[PDB]
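Undergrad: Questions regarding the structure given below will be posed in turn.
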Amino acid sequence: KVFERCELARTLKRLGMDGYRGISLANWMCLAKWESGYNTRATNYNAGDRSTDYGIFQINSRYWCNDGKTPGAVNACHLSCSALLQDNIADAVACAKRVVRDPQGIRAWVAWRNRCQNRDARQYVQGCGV
């Protein structure tokens with residue numbers, strides 16, 4: 001499913017992402033925008049290390065979910081990576097929450113540093129009623 005901006009904004013808020021571990025909703029919106037373009041079926045194979053990024057937040061199979069083919073991987077979210085490709089994003093959200101409970105926080109995603117950190121991210125939630 002490809003979410004519309006405000007549609008996703010409202011959904012994330014209801015799932016309790018606003019301010020989760022100090023991360024504003026606008027930051028989560030910026031992250032999903034640059035990782036998948038708000039697309040839940042997005043997948044990306046990293047030929048360099050044999051891992052795959054799954055779903056709306058492009059969560060990596062080496063640490064967060066199990067896909068069985070990634071060498072020396074763990075499954076910290078205790079989820080099949082398949083769960084991160086559903087239209088309902090409840091599981092992807094529960095896993096993103098797990099990722100940021102680690103010391104790096106939102107910085108775990110390099111794309112966040114390049115495209116979101118120290119920027120005016122208001123634009124991602126403006127006019128959405130959240």
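Residue numbering restarts at 1 for every chain of the structure tokens, chains are lettered A, B, ... in their displayed order, and ligands are numbered from 1 as they appear.
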Among region 19-60 of chain A, which ones does DSSP assign to strand (DSSP E or B) (computed from the backbone)? Answer as a list in words.
TA: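 DSSP-assigned strand (DSSP E or B) residues in region 19-60 of chain A: residues 20, 23, 39, 43, 44, 45, 46, 51, 52, 53, 54, 59 and 60 of chain A.
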Undergrad: Write a file of the just-selected residues containing C-alpha atoms, as an mmCIF file, in the first residue's frame.
TA:
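Saved to result-v1.cif:
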data_model
loop_
_atom_site.group_PDB
_atom_site.id
_atom_site.type_symbol
_atom_site.label_atom_id
_atom_site.label_comp_id
_atom_site.auth_asym_id
_atom_site.auth_seq_id
_atom_site.Cartn_x
_atom_site.Cartn_y
_atom_site.Cartn_z
ATOM 1 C CA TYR A 20 8.179 8.045 21.204
ATOM 2 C CA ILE A 23 11.140 11.387 18.449
ATOM 3 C CA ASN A 39 5.265 2.361 0.454
ATOM 4 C CA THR A 43 12.090 -4.103 -0.409
ATOM 5 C CA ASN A 44 15.755 -3.462 -1.032
ATOM 6 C CA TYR A 45 18.477 -6.046 -1.391
ATOM 7 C CA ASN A 46 21.941 -5.023 -0.182
ATOM 8 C CA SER A 51 20.749 -8.336 3.897
ATOM 9 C CA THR A 52 17.370 -6.904 2.775
ATOM 10 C CA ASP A 53 15.497 -3.809 3.996
ATOM 11 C CA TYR A 54 11.738 -4.334 4.383
ATOM 12 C CA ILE A 59 13.973 -2.285 8.489
ATOM 13 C CA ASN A 60 17.076 -4.442 8.016
#
Undergrad: Leaving out region 68-77 of chain A and any residue of its chain fewer than 4 positions from it, which residues lie within 12 Å of it when counting only C-alpha atoms, given as a PyMOL selection string?
TA: chain A and resi 45-53+59-64+81-84+91-102
Undergrad: Using N, CA, C and O atoms, can you write the selected residues to a file as a CSV table (one decimal), in the first residue's frame?
TA:
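Dumped everything to part22.csv:
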chain,number,residue,atom,x,y,z
A,45,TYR,N,17.4,-5.1,-1.6
A,45,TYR,CA,18.5,-6.0,-1.4
A,45,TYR,C,19.8,-5.3,-1.4
A,45,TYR,O,20.1,-4.6,-2.3
A,46,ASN,N,20.6,-5.6,-0.3
A,46,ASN,CA,21.9,-5.0,-0.2
A,46,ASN,C,22.9,-6.1,-0.6
A,46,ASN,O,23.3,-7.0,0.3
A,47,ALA,N,23.3,-6.2,-1.8
A,47,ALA,CA,24.2,-7.2,-2.4
A,47,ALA,C,25.5,-7.2,-1.6
A,47,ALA,O,26.1,-8.3,-1.6
A,48,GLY,N,25.9,-6.1,-1.1
A,48,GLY,CA,27.2,-6.0,-0.4
A,48,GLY,C,27.3,-6.8,0.9
A,48,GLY,O,28.4,-7.2,1.2
A,49,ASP,N,26.2,-7.0,1.6
A,49,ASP,CA,26.3,-7.7,2.9
A,49,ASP,C,25.2,-8.8,3.0
A,49,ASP,O,25.1,-9.4,4.0
A,50,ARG,N,24.5,-9.0,1.9
A,50,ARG,CA,23.4,-10.1,1.8
A,50,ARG,C,22.2,-9.9,2.7
A,50,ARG,O,21.4,-10.8,2.9
A,51,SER,N,21.9,-8.7,3.1
A,51,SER,CA,20.7,-8.3,3.9
A,51,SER,C,19.7,-7.6,3.0
A,51,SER,O,20.0,-7.1,2.0
A,52,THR,N,18.5,-7.6,3.5
A,52,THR,CA,17.4,-6.9,2.8
A,52,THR,C,16.6,-6.0,3.7
A,52,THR,O,16.5,-6.2,4.9
A,53,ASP,N,16.3,-4.8,3.2
A,53,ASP,CA,15.5,-3.8,4.0
A,53,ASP,C,14.0,-4.0,3.6
A,53,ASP,O,13.7,-4.2,2.4
A,59,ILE,N,13.3,-1.6,7.4
A,59,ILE,CA,14.0,-2.3,8.5
A,59,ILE,C,14.8,-3.4,8.0
A,59,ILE,O,14.4,-4.3,7.2
A,60,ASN,N,16.1,-3.4,8.4
A,60,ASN,CA,17.1,-4.4,8.0
A,60,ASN,C,17.0,-5.9,8.6
A,60,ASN,O,16.9,-6.0,9.9
A,61,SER,N,17.1,-6.9,7.8
A,61,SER,CA,17.0,-8.3,8.2
A,61,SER,C,18.1,-8.8,9.0
A,61,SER,O,18.0,-9.9,9.6
A,62,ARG,N,19.3,-8.1,9.1
A,62,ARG,CA,20.4,-8.6,9.9
A,62,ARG,C,20.2,-8.5,11.4
A,62,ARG,O,20.7,-9.4,12.1
A,63,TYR,N,19.4,-7.5,11.9
A,63,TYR,CA,19.2,-7.4,13.3
A,63,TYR,C,17.7,-7.4,13.8
A,63,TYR,O,17.4,-7.9,14.9
A,64,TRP,N,16.8,-6.9,12.9
A,64,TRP,CA,15.4,-6.8,13.3
A,64,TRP,C,14.4,-7.8,13.0
A,64,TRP,O,13.5,-8.1,13.8
A,81,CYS,N,10.2,-11.2,8.4
A,81,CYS,CA,10.3,-10.0,7.7
A,81,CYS,C,9.1,-9.8,6.8
A,81,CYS,O,8.7,-8.7,6.4
A,82,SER,N,8.4,-10.9,6.6
A,82,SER,CA,7.1,-10.9,5.8
A,82,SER,C,6.0,-9.9,6.5
A,82,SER,O,5.3,-9.2,5.8
A,83,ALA,N,6.1,-9.9,7.8
A,83,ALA,CA,5.1,-9.0,8.6
A,83,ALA,C,5.3,-7.6,8.3
A,83,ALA,O,4.4,-6.8,8.5
A,84,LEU,N,6.5,-7.2,7.9
A,84,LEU,CA,6.8,-5.8,7.5
A,84,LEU,C,6.5,-5.4,6.1
A,84,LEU,O,6.8,-4.3,5.7
A,91,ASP,N,2.6,-3.9,12.9
A,91,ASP,CA,3.8,-4.7,13.2
A,91,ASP,C,5.1,-3.9,12.9
A,91,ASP,O,6.1,-3.9,13.7
A,92,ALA,N,5.1,-3.2,11.8
A,92,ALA,CA,6.3,-2.4,11.3
A,92,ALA,C,6.5,-1.3,12.4
A,92,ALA,O,7.7,-0.9,12.7
A,93,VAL,N,5.4,-0.7,12.9
A,93,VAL,CA,5.5,0.3,13.9
A,93,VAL,C,6.1,-0.2,15.3
A,93,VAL,O,6.9,0.4,15.9
A,94,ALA,N,5.6,-1.4,15.7
A,94,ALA,CA,6.1,-2.0,16.9
A,94,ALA,C,7.6,-2.3,16.8
A,94,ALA,O,8.3,-2.2,17.7
A,95,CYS,N,8.0,-2.7,15.6
A,95,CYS,CA,9.4,-3.0,15.3
A,95,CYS,C,10.3,-1.7,15.3
A,95,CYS,O,11.4,-1.7,15.8
A,96,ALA,N,9.8,-0.7,14.6
A,96,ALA,CA,10.5,0.6,14.6
A,96,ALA,C,10.7,1.1,16.0
A,96,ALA,O,11.7,1.7,16.3
A,97,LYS,N,9.7,0.9,16.9
A,97,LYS,CA,9.8,1.3,18.3
A,97,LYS,C,11.0,0.6,18.9
A,97,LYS,O,11.8,1.1,19.7
A,98,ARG,N,11.1,-0.7,18.6
A,98,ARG,CA,12.2,-1.5,19.2
A,98,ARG,C,13.5,-1.0,18.7
A,98,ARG,O,14.5,-0.9,19.5
A,99,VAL,N,13.6,-0.7,17.4
A,99,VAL,CA,14.9,-0.2,16.8
A,99,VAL,C,15.4,1.0,17.6
A,99,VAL,O,16.6,1.1,17.9
A,100,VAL,N,14.6,2.0,17.9
A,100,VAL,CA,15.0,3.2,18.6
A,100,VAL,C,15.1,3.1,20.1
A,100,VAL,O,15.5,4.1,20.7
A,101,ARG,N,14.8,1.9,20.6
A,101,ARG,CA,15.1,1.8,22.1
A,101,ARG,C,16.5,1.5,22.3
A,101,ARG,O,17.0,1.4,23.4
A,102,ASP,N,17.3,1.3,21.2
A,102,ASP,CA,18.7,1.1,21.2
A,102,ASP,C,19.4,2.5,21.4
A,102,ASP,O,18.7,3.5,21.0
Undergrad: Calculated over only C-alpha atoms, which of the candidates A:128, A:116, A:65, A:85 has the smallest distance to residue 12 (chain A)?
TA: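 That would be A:128, the residue with the smallest distance to residue 12 (chain A).
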Undergrad: Write out as a ChimeraX atom specification all residues of chain A that backbone DSSP assigns to helix (DSSP H, G or I).
TA: /A:5-14,25-36,81-85,90-100,105-108,110-115,122-124
Undergrad: Which of these, A:31, A:130, A:117, A:80, has the shortest distance to residue 6 (chain A) once you count only C-alpha atoms?
TA: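 Under the stated criterion, the closest residue is A:130.
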Undergrad: Skip residue 4 (chain A) itself and residues of its chain fewer than 3 positions away, then list as a PyMOL selection string all residues within 10 Å of it, counting only C-alpha atoms.
TA: chain A and resi 1+7-9+37-39
Undergrad: Could you turn the residues from that selection into a file that holds C-alpha atoms, as a PDB file, in the first residue's frame?
TA:
ATOM      1  CA  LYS A   1       0.000   0.000   0.000  1.00  0.00           C
ATOM      2  CA  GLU A   7      -3.270   9.596   6.030  1.00  0.00           C
ATOM      3  CA  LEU A   8      -0.006   8.157   7.363  1.00  0.00           C
ATOM      4  CA  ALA A   9       0.516  11.078   9.737  1.00  0.00           C
ATOM      5  CA  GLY A  37       8.106   6.906  -0.265  1.00  0.00           C
ATOM      6  CA  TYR A  38       5.375   5.793   2.171  1.00  0.00           C
ATOM      7  CA  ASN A  39       5.265   2.361   0.454  1.00  0.00           C
TER       8      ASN A  39
END
Undergrad: So, with only C-alpha atoms as the atoms that count, which of A:57, A:126, A:2, A:89 lies closest to residue 110 (chain A)?
TA: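 For residue 110 (chain A), the nearest of the candidates is A:57.
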Undergrad: Which of these residues is nearest to residue 17 (chain A), using only C-alpha atoms: A:5, A:112, A:90, A:127?
TA: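 Ranked by minimum distance to residue 17 (chain A), first place goes to A:90.
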Undergrad: What is the CA of residue 21 (chain A)-CA of residue 67 (chain A) distance in Å, reported with one decimal?
TA: 27.4 Å
Undergrad: So, with only C-alpha atoms as the atoms that count, which of A:125, A:108, A:42, A:79 lies closest to residue 18 (chain A)?
TA: A:125
Undergrad: Select, from A:123, A:109, A:66, A:58, the residue with the minimum atom-to-atom distance to residue 26 (chain A), counting only C-alpha atoms.
TA: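 The answer is A:123, which sits nearest to residue 26 (chain A).
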Undergrad: What is the CA of residue 113 (chain A)-CA of residue 55 (chain A) distance in Å, reported with one decimal?
TA: 19.2 Å
